[PDB]
Each structure stands twice: as structure tokens, then as C-alpha cells.
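Taken in order, these protein sequences are the chains called A and E. For what it's worth, PDB author numbering labels the leading residue of the first sequence as 4, then goes sequentially. In case it helps, PDB author numbering puts the second sequence at residues 15 to 637, 642 to 895, 897 to 1005. Built from N, CA and C at the ideal position, the CB exists for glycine as well. A short worksheet on the structure shown next.
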Amino acid sequence: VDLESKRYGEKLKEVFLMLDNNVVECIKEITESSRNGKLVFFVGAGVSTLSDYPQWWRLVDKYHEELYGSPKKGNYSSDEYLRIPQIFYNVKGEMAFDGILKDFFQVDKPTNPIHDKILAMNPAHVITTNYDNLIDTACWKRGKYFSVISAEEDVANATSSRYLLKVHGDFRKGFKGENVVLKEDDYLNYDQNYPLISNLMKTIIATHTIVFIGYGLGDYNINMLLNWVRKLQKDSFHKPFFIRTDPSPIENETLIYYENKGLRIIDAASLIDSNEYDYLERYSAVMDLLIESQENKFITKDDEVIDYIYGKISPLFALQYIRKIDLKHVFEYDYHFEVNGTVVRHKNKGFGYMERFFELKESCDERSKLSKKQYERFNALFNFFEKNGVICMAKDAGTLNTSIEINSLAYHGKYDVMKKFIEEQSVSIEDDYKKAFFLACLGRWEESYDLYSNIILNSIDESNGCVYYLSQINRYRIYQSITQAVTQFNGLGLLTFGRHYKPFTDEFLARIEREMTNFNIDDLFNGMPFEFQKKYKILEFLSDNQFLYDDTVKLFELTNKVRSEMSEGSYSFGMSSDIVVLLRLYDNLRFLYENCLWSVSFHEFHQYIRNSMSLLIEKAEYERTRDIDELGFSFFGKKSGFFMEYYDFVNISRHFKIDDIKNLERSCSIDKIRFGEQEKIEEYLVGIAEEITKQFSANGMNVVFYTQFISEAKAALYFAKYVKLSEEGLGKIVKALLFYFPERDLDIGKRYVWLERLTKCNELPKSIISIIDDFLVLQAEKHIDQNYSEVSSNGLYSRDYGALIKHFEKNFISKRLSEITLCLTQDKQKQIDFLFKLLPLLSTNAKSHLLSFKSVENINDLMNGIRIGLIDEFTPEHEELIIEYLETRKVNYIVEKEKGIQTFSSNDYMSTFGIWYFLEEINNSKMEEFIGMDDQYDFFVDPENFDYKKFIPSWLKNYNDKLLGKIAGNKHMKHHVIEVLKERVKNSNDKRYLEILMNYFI
Amino acid sequence: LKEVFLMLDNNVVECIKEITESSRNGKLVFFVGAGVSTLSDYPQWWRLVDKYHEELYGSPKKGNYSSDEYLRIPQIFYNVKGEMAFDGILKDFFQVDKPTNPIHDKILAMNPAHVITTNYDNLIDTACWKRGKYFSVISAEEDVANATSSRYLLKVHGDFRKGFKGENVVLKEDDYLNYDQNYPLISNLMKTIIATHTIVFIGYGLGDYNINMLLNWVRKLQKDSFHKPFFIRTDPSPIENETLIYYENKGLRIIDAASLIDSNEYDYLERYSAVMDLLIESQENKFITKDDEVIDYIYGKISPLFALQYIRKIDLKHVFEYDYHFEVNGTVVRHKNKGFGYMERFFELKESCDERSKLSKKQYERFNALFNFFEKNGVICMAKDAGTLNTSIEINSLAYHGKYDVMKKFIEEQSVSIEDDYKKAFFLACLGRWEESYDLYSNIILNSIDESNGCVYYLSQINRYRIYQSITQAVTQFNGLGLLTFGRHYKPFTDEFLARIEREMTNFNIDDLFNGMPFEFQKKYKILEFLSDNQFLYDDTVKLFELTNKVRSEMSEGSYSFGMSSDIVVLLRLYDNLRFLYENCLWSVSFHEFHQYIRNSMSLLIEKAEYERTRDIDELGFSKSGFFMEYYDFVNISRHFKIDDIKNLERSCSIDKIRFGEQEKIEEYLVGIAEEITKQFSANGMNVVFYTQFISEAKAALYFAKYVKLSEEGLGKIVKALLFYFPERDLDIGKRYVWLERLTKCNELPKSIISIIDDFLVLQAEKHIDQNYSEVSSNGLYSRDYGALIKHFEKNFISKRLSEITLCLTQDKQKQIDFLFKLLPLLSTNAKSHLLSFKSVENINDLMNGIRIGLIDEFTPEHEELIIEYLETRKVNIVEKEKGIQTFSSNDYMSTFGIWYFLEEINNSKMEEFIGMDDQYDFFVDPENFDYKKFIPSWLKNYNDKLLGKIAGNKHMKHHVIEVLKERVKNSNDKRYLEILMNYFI
């Protein structure tokens, strides 16, 4: 029945079952040639009769009609077919011939389905013998582009790589018989008149498998080609195939003779009985057999149910750990794989081979029927499939529990084992390539390039050649890498390096420039063995810089497409299952194709993958803080998802930068984000500590290695505040943090800030304190030279640098520093000032010995003591000393009033003077008679009578030391004061005012 | 080099250009001889023939070996001794190793397509290992069908790689005379290769028999259509002209080495190095030294595609091999150009007409065409001497503006030009989601292949494929949910369309279209590869739109005086998006999964940049950008955003304080959309295929207000769109009320709008009088809200449409008159008196309505006792058994009860006898003991008067009530929380 595979389905399956060996092997060869892109068709004129095109015998009958007046009775002789027009051309002239041709050919007919049927079989080249554009129009409307060749200049002006030859020429240049082979003299002088076309046809016969179609035995062209081919050794010639839809069965003797001639005959009459006029039916039946040959994978006890997949997957065994999504390209999108491991039959027609493969896989029984070789193939394929992580059929879903593991030592950074594995002797070529990739990203790119050259020297012997492609790609990429490396080194100059660390002598630069010049990377795209090209098609995007450039675009689009829903704080229900963040994490962890890569972290644009995916994972806090601003459910615990593991920590340390970490923590609560694996991360941090300790203990030619490892420490240590280190590793991490980091990279201020954050996150009971004291002592002997100074980004203060230690232990005194103080004299004033910084942690004897050095003789020295903290509470003698100056300021205030200006920008001590009186540090009534000098003095000395017309909330920037907390309970007019804050908050967008509106208000 | 090049102007400078062009296209093919072997010091043939002469004749060659003597003399030996002597002699003279000369390496460096070596050797074969190039070697006919790779290394006379025996190589004259018979499969291949490729002879004998046969063949059959080959003459003595002109008439051109350099006779290496170095330049720099260079090397590259009106700025960087950085602003600068500054020359020649006068007339016209093309795209000057490049962005396409009547007018009109047919097809795709004639694209295909214009077939195929995908997606949407969503099985597409499109689109070559297109299409229009594969492809969708992620990370600004608005944020974020709005105004925007969304990622940072510049400087009026959002950006916002997007924008961004430009244009656009939706409500049926998305646009316009002052008529028309013209499925009564309240709330509500609202109420009353229809409000907004909205903004609002119905009521049913019962305060005095006489108020709903509007707030003890009895019924509903009866969200009146408490709307404290079941709302009777998060901040910002002048927290719960508000404002982002904090009390 029509529109159903009845004559196309079961009966053709039975016919294929009863087919002989010759026909089935011809079908297999045809399918192989088609799938290899090495198939060329030879279209005859017979199919033209299927479209009701005018026939040549009709034309010659016409010519005889107007030649002798009456047509010749009976069937015309074959020779006359090429003889009657010639005489007609000799005497009647050209005009009658042209008129008849234009009368009988200026018509158009629709294209028969056989045209597109043969066209939809990826034919590389098509050789025709006709006088129209029926096949041209068919491939035209189908969409395929073919370059029509019918003249010598057409051969000369070649434009594409798909040829549609015209053995006798078309009628593009007019309806003239001179340019179209139609006469016997043309058949005699074809070689002389058209040498180029003939030579091209002879060349194209040998290179491909010629499949004749729409031809009858005895035609002149076929006989001529057979005569040509018989004048050959035929030692390595491929016998062409023939299609012949005769209504009557073929005699066996003729079959034997033509098989001996060198043609393999496929008969359509022997297929099924049909009417003598059903040529279209026979042609369509042949087409349907050769098309159904695709989805003709019948299943038996011993069959291709494992062999087909074995053939499809066998080349891929060379690679270590391929991606799940890439498999969709292997199976020509017959299925669609999921990152979870399920496989769904989408966009598939025919037989579900994957389903039967599964049914064999899970079922222990019903498998002994397979052959032992098939059993081994099944075992190998099952091992490969279980290695990748494909779980089961999409129908048999559930219990989706999977993890991610990486085996490369580069990921974990075991540099000791790294080098240890580096030294040993070579064994084979694969381990040489692996150790060559290992040799890079370590600071010895010279030897890495040399080993890549050595591998590429003798890699053609490889059975698969994938190692050849990978080595070539890595060589190209390392060439660019060293190019930009030397460019950046020239750009930095001596600013970054104390001495310009040239990676290598310019001779190597010259030889690599000569080697790598004019090297456009095409490889598989244009030239590489066709056997490799038909397979391994998933490595086609490797021609770019990174090993995933073309495959990163889908992630770039999909991250936004899924941010369309995972990043919006309006909804508060909370997604239950099929969490998009988990599948995004699975997808990006799948991209850790670390078994076979090159310097993916080096590519600045590659790490953006990590720099964006985890960023959006954290920006998914919109799903958090839900049901807190909304009713929602009863769960009011601010605990988001993303239970990050060791791998997430490693990725954040590897790719995220310190500034980006600050940006993300500006608007997140990772402090509240919980995470497991409290022990492995400690080991990773410790290993980083020994690596940085060994590197900086005796620095050498590690500048190439000292470009990414240095950035690793910044990300690792700063982020480590979130995790809770054990006290045992805290000592090692502090030792690494303090002594062994470079001084230029980290000043005192940043080291102090990071030390403060680790101390706040994890306490320091007794052990780390000794290390801090030792560092303080070492700084003390550093300050021996007065000329010695250090640059601080945020502050050179050592007050807090030691006040932190005093905070840990109130009763703390440094005995070693005490003796250091005791063994000094009044010659090194900078050392005296530094010991002044260290006064709280010094012993009483040290204080007594040091105070004999410097003292307060004037007021300014007394306030200079306030700057350094010499005298926390000065004696009443110093109180009245200020009063004498305050009286001196008082009498000069009248003089300054007469001057017409107020000089309070410098010596702004009255604001400080009123601080102590307001702090109740000084209890005297003398200061009140000096009222009115300064607005700050008014606001502190007499807060109950001051005038707030000054309107200066900007002082709140410097009221951290004012101890606003004490004032908060001591403001005489809190209500008047807060109205300023309300106005300032409304009329200013600064956040400092918002801080005071909280730290010390409501 | 250049010093010698000064005189290289005699059919040499153009020959180098032609050879380099052939190399670029891959048509270049070498043909190496025996000279390179001599450079590698390979054994010479004359030594072998001298040895053979000594073997038989005796004594060395007293005379000289003639041409024939070089061939027949060994053959005679073959006729007197067996092949073992030949094998021994060849082994003695050939079992040697020779170093690979640099000539082989440089020959590989020029990267040819095919190599044809006539000499028997492995030096060139071995040299491929060092470069790594892979070649398939063809020794003879035995290995032809085993074509390993496209690259070929053909051995004309075989080789001694397996040529230990004498039969594997042809050297004797007997083999030469019957060479074709012995090796037929090689001669034809050589002929077709030299016919279909550019062939260059290097280091090759001029008088050799092989070139003799070649020449006697090529000019014998071909006269004028043959491309003349290239030959390199490397001889010490300089060549003369009579032989040269004789060879030119033969059909072969000559490039001698003597003209270039004449260092020494023996320094063949020097001559070969010079002649190859003259080609090493590869036509990448200093190819020509003439003037008027702004007419060549650019015109053939910058204007083969001028049929496309618009070109993106980022595209021109790919056009010129990234030699210049084309900024989004419109300036350029050299990046990788190494030579003459042709762009610099063009910029200099643009203005100075004095030096333009000397330009050739046709060259002048081409220069003016290039100038017009550049100024149309937006390139005006160079980054070296240019400042700001802020320019108004405009669109010429009518689809992006929203015109529809002229759209139909053009659709009715026929189109003759192929471009006009493309425009018509695009416009039809705009009007109808599925083209009733997608065969218009087939006509585009056939006409484009008919014509020689090109670059129309390629685009139309992509458009057709995208249309196919969209139609299949529409079919998927029209699943079982589609039938109920649209009311019934509409099935706009019929089955035969699917049947034909599935059979046409099957096995489509979406992998790549450049393979189908010839080489010239791929090379010239390489700029179309951005959307060619379009299989989630790059640099057309997100690759430059992923750059905004970096700015998203660069959002953080130090201190307070930085600015994300008065900055370069317009560069690469605003102008980049505006440039990428249309690439050619004809590409199908039909796909909406990514583009319309990523349009809301844009216009998002810009909106967040509207922080009123309060932190940029002290005064919010910074006084520049201005950010007057003109109508194009308004269209973007009202086209690509959703309801919830704009909702969360209004949550924590400036909305009303921002002013938009082109307000009259916005008025025109809104009036047009309202008029066309009203017409289409009557013009046709659902036409869901266009309706489904289009209504979204309408919605995005209605709730986007408080921006323009609507004209009296237009507002009257736009509110008329709400007069039962919008489908009630999308907008119920509650949503209509909300959007109506949002509109005009900043206006004074003229009397025409009041009459329109009264008419709406009249139609709703007619619907209610049906006695069967029941009001449907998802948000609980009853029809009385319109009555509450009116008369609360105006006075003396009274209508004669419905009061007469109340007076002339037949006292039939209360259900159909519940609308009038609720609207009692708006009713006429006599009518309301009659209605009051007809129906009293006793039910809890009646009491709620009476307190809400009309009647009286305080009530008799029996009424509050009835409310207590309702509370007792809620007490019984004890029988909940945790089966959903405990949920009380559907009936929202328990909280309303507590609203009367704490507001002195009670006569006794009997509610204390009923413990509040609503855990959300119970603290009104037990303020001291409240459940954790009893008060949800959403409910906190809901009401406005229960603060009652801040006494809500002043009477009790003074402290630990601002903690929740403050932590909400600290973590979340809402202005309402800040205002609640400002009043300091709940």
C-alpha cells in the first residue's frame, strides 16, 4: 500500500534475505563508496525517456520523412542513425537542421523522482550523456551546486570541486548542431575536437567506482569505454558496476562473458516480475533497495547488533576520555545524548540498534548465541561505554547519581611527582607524547618544543594518526605561545624582572620563525588521508587555538538561555528537581578534557569559561533569599544550593582572579555557603605551601614557571578564609605566607590583611603566635639600617601589626625583643621609633630603658606621642602645658580674629583636645572658658550648648577613632543629631552614611 | 632586492603577482627537474653513461656524448648482458645518502598543491618529513586507486625506492619510445593536472625530450584557450631575445635568472636563492609602487558586496585580515598591516580635491563610490586624529517601526526585482508566522541562480530553513495544550504543507554551505560565514555579546564619584547593540529563543546606570549623556521584555524619574498599535500564528506608562482599546483594573475617560444581568474597584445608563443585581433608596462591603456577634484533619477581622476567646508573643494606613520590629523598605 513500507518494507527485507552473495556484496560496496564520498554516477539517456523527452530515433525518422518524402518502412538500421542526418547536413544545409532542432527541443518537462533519488546519494561527480538540463534542474531545485562542463574553456575556467560533465555538450550557446555531438564525423573526430573532455573522463574513470545507470548493452559509448579498458593490465583496476532494467531475463552466457569483460552486472528483472512497460517501477525498485540499504540492519543471533557499533566506535579507542555530547556527531544525530547518561531516540528512522544493544547489555542471559569474536567485541564496547558514563536507556531513567574524576597529575599539581615522572627513560611513542605535554606548563618550553618535533618526526607510522594531528596542533599552539610570551617579556622590560630574563637565545627564535613561517592550519579541513577524514570527524574543531573553541559557542549561548530562568529574584517557590545549575556544572566539568589538551589554562579566553560559569552559579543567589522577602514556604534558612566540592575549590583557585573574587564577594554570602571535603583542600593548600617554599628558597631560571603559579597563590590563600584549616597545617601555611613570598609582589599591608582574615576565620591558640613574634623580631633587625624603607600600598603602620597579637593574648610580652631593647643605645633613632610602635608588647624594664631615650618637652611632642601612642593618658602637668598653649591660642584667637582669617587647617589639635575632655580623659573646668575656638571643640567640650549650624556630617569619615558607640549613649541631643543623618541619607548616595545609620544607629 | 626590483617592470612584476595569486588559491603546482638534484650533489647521468661506454667499447669518451648517444648506448649493453649487471651498476652508483638541500625545504615552504618530479630520487620525498607535509606517492600505475590523500607526488619515470631492478624505471630508449603503452595511467593524469592547474617549471632542461613532447602536445591541440605555463631559466650566460620571442610564440613565458643577478657562473645556489626569494614575498607587501592604490587591492575586496546596504563595523576587521581595528565608534588604527597604509592613503585623499583631480575618471568614480559606501556605514575618520563619534542611530525598515497599513499596501502590490521579491518575502514572513507561499523562497532560488548577481540563493536558503524550524516549533506548540489554549483544534497549517516540507527538508546540508558554493563565493563573501552554519554559531549571536560579561564584572566602581552613566558605557554596550540591531535589515529575526532575550540583558545595565548621579557629584542634576530614551529604545523595551522583567526592574531601579525623548513619536506608536489591534479584532479571526507573539507586544505597551502625556484623543483611543477589545483570556478584570490604574494616575482623568469607564461599567452590568455569568478575578479584584476608582478621583460622577434599571428593576434575582448592590454609593438617590428598601445588609460579605464603601463603619452588636459566629464556623472547620481545610488563602477574611481590632472597630474584647489560627496574622491580639517571621515584609509594604501615624510600633513592639526591616534592606534591594525604615515604625 502507498505511504507505507509494504512493497518497501517486509517484502524487500525477505528479498534481501534471499539475495545471493554477488548482489549483497555489490550493495555493500556501493554503500561503502557512497559513505566514503568516492561515488561517481554515469547517467544514460534511458532515464530521459522517463521524462517524455524527445527521442533521437524520432528525429531520424523525421529527417527521413522530409528527405525522401516518405519514411523508410520497417525498423531503421543502427548505422543509419548516424548516417541519414549527415547527408541531410551535406545537401540541405544548416538552416533546416537548426529549424528542426529548435522545433523539437524547445520544450520543458517535470523532473522524475529518479533524478533526486539518485541525487540524494552524495555523488562526488556525475557524468551524463544527454541534450537537456533535466538532471541539472533536479540538482538545482534540490539545492546542490554543480559546475556544468561542456567546452574546453569550461575546463580551463574551473570554479568548484563538483563536476557535471557533458560528453556531447548542452544547448546553452544556442540551438546549433556544430557545438553538440550529433553527427558521425563527430563520433569519428571526438578525440581531435574535444581532447580535454575525453582526457578528463579517462582520468575520472580510474579514480572512482563508476556505476552505470540507464544504459542498454551494445550502445556505442559503453562499447568504446570497454574497448579502452581492455587495453590495460587490469592488475589494480576496479571493475565498474552496471544497472540494466531489461523486461526479459538475461541469458547466463552473456552474463559470464560480460563478467569476464570486467563489469559486475546487477539485474532489475530478476528482482520481481513486472510489466514490460514498467521501466519506472524497476528503476524506483533498484533505487529503493540501494536506499534502504542504509537502514537494512537486520538482527539475528550473530549479526551487526554489536559489529556495526564496533566498526563505528573502533577508531575512537585511541582517545582517553571523550565527551558525551560529541557522540551525537559520531551517530550522525540518530540519537541525542544527555549529560546525565541517558540516550533518547530522537531524529531516528528504521531499526533501534541501540535499544537491542542495551537489552543485550543488561540481560546476562540470551548472550551466548553471539560468536566468540562478537563476544569480545561486546566486552570491549561495554567497557568503553561504562568508562564514558552512559547509564541506561532514556526510558529506563531514575537513580541518576554520577561524579566527576580527573586522573592527570597536572590538575592536582603534584610537582614533586611531576618531575619524578618526568626524568625516567622513554618507552613508546604514546607515553612520549604524554610526557611531552607534561613537559610544557612547567617552565621548560624549549625541551617541550624539541620533543614535539621529535614526535612529529616519526609519527607517520601511527595506525590512526590522531597523535600526528595532536602533535601538529600542539606545535602550532606552543609556537604562538612563545611568540606572545617573548612579546610580553619585551613589553615588561626591567619593570617586572630585576634582570631581564630572556627565555632563550635568539638562534632558537630564528629557527622557529623559519620553521613556522607560512603555516596556515587546515589539516583535516583540506588535506589529510580520507580514511582518517571519514572517521575522527569530531576533532574537526581542533584547528582553532583552544581544543574547544568552536564548542564553547554553544555554552556561551546556553548560559544566557538558562540564565533566562536561573537568575531572577522575583520567584520564591524554589526549584525542586532537574536543577539547571547541576546540569551546567556537569557540562562544564565535562569540558575538563584534561587527558588530551594543551595549556588550556594558559589561553586567556578559555579560562573565561571558568570565569563566567561559576560567576553565574554564584549569581544564582536570586534563588536564595527567597521566602525571606516573600511568604513562600516555612523554610527560612539562608542556605543556597551548590554544595561545592574539592574540584570547585581547585577551579576557583586556578582561574578566578583576586579582583574578581572581591567583586563577587561584594554581593554574596559565601561565608554562609557550606562545603564538604574539609581534609583534601587542606592537603592541596599544604602542597601549594611546600611548592612556594621550595621555589623561593633558591630561585633560579623559573621565570616561565613563575607566571601562573604566582597568581595561583593569590586565589588560593585569599579564598581559603572561607574554609576552616586545621591548626596543624595553619603553621605551615603561615610560614609560607610570611617569609617565602616575594617582597615586591606582597607588601606589608596586604600580608597583614590576609593574615587578619585567616586569624578571624580560624583561631590561633598557641602555635602560630611564636611565628608572628619571630617575624616581628626579624622586622626589628630589618630596621637596623635607618636608610632601609619599604613601600606600603594601604599603610606602613605597625600599630595594628602587633595590636592583633595583643588582641589574641592580653598578657603577651616578647622576651627576645625585650633583651633586644635592653642591648641598644641612642644612635639608631628609626629603631627607637619602631620600638615605640612595639611598646605594648615590651616588658616594663624595656619601657624604662627606652623612655630614657626620648621624651615630651613641648606640647607638639606630647601630641606626637599621641600619634605613636607613647602617652595614653598624660599627667596634669601636660594638661596645664596644653592649657598654657590653649591660653596662648586664646589670646592669639583675638589677634587672629582681627586678622580676618581662621587658621585651623594646620595644628588641628583643639579638635583632638576636645576629644579627651569629651572622653572624660581630662576632668577640668579650664577648657570651658576657651569655648568658641572651633566647631568640633564646641561639639565635644560643651555638647549641651553647642550650635549645630556647622552642618558637617563629613567628619563621620574620621569618627572611627572617636568611638561613636560611647557617644551613641551620650549624645545630649540624639534627636537633633539623627535628623542630620536622615537628611544626609535622603540627599546623598554615599554608603558611609548608611553604615553609621546602622553600626551606631537603629 | 628593491634595488634590483627598480628595473623589474618588464612582464615580471605582474608574473610574480599571478604566481602568488595562484598559490593563494591553491592552483600553484611545481615541476622540479634535475638541477635540484645537482644542488644536492646527486650522481649525474653522464658519469653512468661514461662507465657503460668503458664497460664495452673501452677507453673514455674521446669526443663528446651527443643527445642520442646519451640514450641508446646503455640500451646496447642491455642487448649483450643480463639485467644483473644493470642492477649491480645502479646499486654501486645509487646506494648513497645525500643531505637534503635547503631548496627542498623552501620548495615545501611555498606550499604547492601537486609536485611533479621527473628525476628518480628520494631527497624531495625525504624533505617532507622535516616540514611535516603529507603526500601520497604515485610511483607508477600499480598504485593509483589507493589514493591515500588529495596531495600527490607523481614519479614520471618511477624511482629507485623499489627500483633495484631495471624494469622499475625507464631509462633506455626502448622504454622511451613505448612509454605510453607501459604507463598509460600516468600520462592522462599528468595531462589533466597540467590542464587544470597553473604549472611552474624550475631547474629544468630547456632541450629535454620530455618538455619537447609536452610542447609538441599542448600547442598541437590547444591554440588560444590554454593558460600559458611558467618556466624559470637558470643559466650563467644571459639570454637573448630571438630565442625568447620564439618561445613566446610557442606558448610559454620565460623568467630568466640572469636579469635578476649575475654573481658568478658556479654559484647556482645564489641564482636559485634569488629567483625563489623574488617569490617569497608572496604578494603581501610592496607588490606595486604606483600611485592610485586606493583603487586596487581595496576595491576588489571592499566592494564586491555593496548590494548590502548595512555592514557591521566588526565585520570590516575580518574583511581586512585584522590588519586594522575597526572601533564601534567608527575609527580605525593599524594592527597587523606591514607596509603601505592604504587606509591612511584613502583617508588623506578623501578631503584634498587637488590630488583627487589627477585621479583617473573611472578611478575617480570608483573612489567616490567607496567614499559613499564608507560614509553610509559610518567610517568617517581615523583614531589618530578623531575625538568623539556619537551619532544618531536610525533604522529604515518599516517592520522595526511598526507600520502595518503601508505594509499591507506593499503586500498587495507586486514586485518585479529579485531584491524586491526578497523584501516581499520577508514582509510576508513578518505578517504571517507560516508563509502561505513559502515557495516565494523557491522562486528566489530559481531567479538567483538564473541571474549572475549571486549572494541571494545563500541567504534565502538560510531564511527558508529557519522558517521550516519555526513552523515545526509552532506545530510542537500546537500540541494537546495548543487545542485548549486557542479554544479548539485550529490547525492553521494543513497536513499537506507538513507532508511536503518534511520530504523537502530531509537530509538538508546544514553542516556547511560554503562547500556547495564555488571558491570565488567562499573567498569574496567570506564575511557571511558568521551566520552560514548558524548551528549556535559564533560572532553573529553571542561571541561579541559575551563581551558584556566582562563589563558585568567591571560593574564594581571604587569610592563614590565614578559613573556608570556618564562614561564610555555608551561605547561597546549601547552603540554596539544598536549597530547589531540589523546587519542587512533582511536577516530573519524569526528565531526568538536567544536574540529577543539577550536584548533584555542589554538595556539593563543602562537602566541600572540611572542612579540620578547622586553619588557621581553632590547634586543629582549633574548637568553629558542625558539618557533621553528615544523611540527606538522604547520599541526595544516594549518588544523584548516580559512582564516579570519590568516588574523586577521597578523593584530596585529608577522608573518614573527618567524622561524619554520623542514623546510624540511614542504617542503615534501607541495610537497605531491600539488602532490596529482594535481593527484586527474585527478584521479577521484569532490568526493565532501572528496573534500568539503579537499580543505580547501589546501587553508590554500597556503597563509601560507614567512616561508620556497621552493626547486627549489618543488616550481616549488607547483606553478604548480596553473597552472589551483586548481578549479577556490574557487580561481578566483584575489585570485590566491594575493596568488602567497604572495608566493616567499621573494625569487628571479628563471627562471623556470617565465616560469611557462608565460605558465599560455598563457593558459589565449587561454581562452580569445575564443571571448566569459570574465575574472571574484571579487576583480577587472585584468589579467594584472601577467604581472605587471613579468618584474617588472626581466628583458628581453619575450616569443614567444603570440607575433607571435599578429603579425599573423587576425584583427578579439578587445575583444579577449584586453589581448594583455593591455600586450602591454610585447609584441615584431614588434608585439607591429603592435598592436599600429591596435588600438589607446582614451577611458577613454585606458587612464587609458596607464598611468598605457607603453604609457605616461602626455596627450593631448583633452584626459583630454574627462575625464572631463566623469565627466559630471557622473553629469548627477542628475538622480540618490537615487535609487542606487548614489552608485559608482562598477565603481571605480572617486578617480583615483583625483589621477591625487595634483600630478601635470593636465593642468588646471577645476575640480573645478565639485563639487565632492564622499563624501569619495573630499577633494583633498577642503582640508580646509572635511567631518567628510572623510578619512577612511583602505584607509589611502592602498596607499604608495601619501604621496610623507610626503608632503601630509606637504603642507596642517598639524594638525588634525594625531588625527584620533593616536586614531586608541590607540584603535585598527595595526602596519601600527604606521608606518603612524612614518612618521608623513597622
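Can you name the start and end residues of the alpha helix (DSSP H) that residue i belongs to?
{"i": "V18/E", "result": "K16 to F19"}
{"i": "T555/A", "result": "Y552 to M569"}
Give the secondary structure of residue i by DSSP, where H, G and I count as helix, E and B as strand, and everything else as coil.
{"i": "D270/A", "result": "strand"}
{"i": "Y71/E", "result": "coil"}
{"i": "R247/A", "result": "strand"}
{"i": "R359/E", "result": "helix"}
{"i": "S656/A", "result": "helix"}
{"i": "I871/A", "result": "helix"}
{"i": "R348/E", "result": "strand"}
{"i": "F387/E", "result": "helix"}
{"i": "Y338/E", "result": "strand"}
{"i": "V430/E", "result": "coil"}
Beta-carbon of residue i versus every beta-carbon of chain E: anything under 9 Å?
{"i": "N224/A", "result": "no"}
{"i": "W143/A", "result": "yes"}
{"i": "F712/A", "result": "no"}
{"i": "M531/A", "result": "yes"}
{"i": "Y611/A", "result": "yes"}
At what residues does the beta strand (DSSP E) containing residue i begin and finish?
{"i": "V46/A", "result": "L42 to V46"}
{"i": "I213/A", "result": "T212 to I216"}
Look at the alpha carbon of residue i and the alpha carbon of residue j, and state the distance between them as a whole number of angstroms.
{"i": "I981/A", "j": "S991/A", "result": "15 Å"}
{"i": "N477/A", "j": "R447/A", "result": "15 Å"}
{"i": "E607/E", "j": "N963/A", "result": "53 Å"}
{"i": "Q236/A", "j": "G96/E", "result": "26 Å"}
{"i": "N493/A", "j": "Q610/A", "result": "24 Å"}
{"i": "residue 1009/A", "j": "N386/A", "result": "Because chain A in this structure spans residues 4 to 1005, residue 1009/A falls outside the shown range and cannot be described."}
{"i": "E694/E", "j": "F424/E", "result": "17 Å"}
{"i": "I631/E", "j": "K989/A", "result": "15 Å"}
Using the DSSP secondary-structure output, state which residues sit across from residue i in a beta bridge.
{"i": "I130/A", "result": "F45/A and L168/A"}
{"i": "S150/E", "result": "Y166/E"}
{"i": "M396/A", "result": "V346/A"}
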